[PDB]
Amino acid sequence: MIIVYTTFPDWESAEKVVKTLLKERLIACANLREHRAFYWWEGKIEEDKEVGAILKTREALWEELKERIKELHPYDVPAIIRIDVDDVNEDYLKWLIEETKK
């Protein structure tokens, strides 16, 4: 399995996106939590309060998921970061696989 990390400007946009992904079976679970983002933007550093989203799904769904996220994300150029999970307990993997599309 893999985790995909992306961030949102608020809870409504974040929840809408994750629920849409769940409905479309592109991810099995999402963990959302707030954070303060500090970053470079057009010549100056910006500070925004965001909602980070840790998505859990299959490596086989990475490409499809990445493209779907692009279509749904409020940011024109959002962060869609893939970090592979080296290993996970068999019972959880079984669940994640059953809950996601082939």
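Numbering starts at 1 and runs along the sequence shown.
Novice: Using only C-alpha atoms and the B-factors in the entry, which stretch averages higher, 39 to 47 or 52 to 60?
Specialist: Between 52 to 60 and 39 to 47, it is 39 to 47 that shows the higher mean C-alpha B-factor.
Novice: In terms of the chain's CA B-factor thirds, is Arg33 lowest, middle or highest?
Specialist: Lowest third.
Novice: Would you mind ranking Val77 by its C-alpha B-factor against the rest of the chain and naming the third, lowest, middle or highest?
Specialist: Highest third.
Novice: According to the PDB entry, is the CA B factor of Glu90 in the bottom, middle or top third of its chain, that is, lowest, middle or highest?
Specialist: Highest third.
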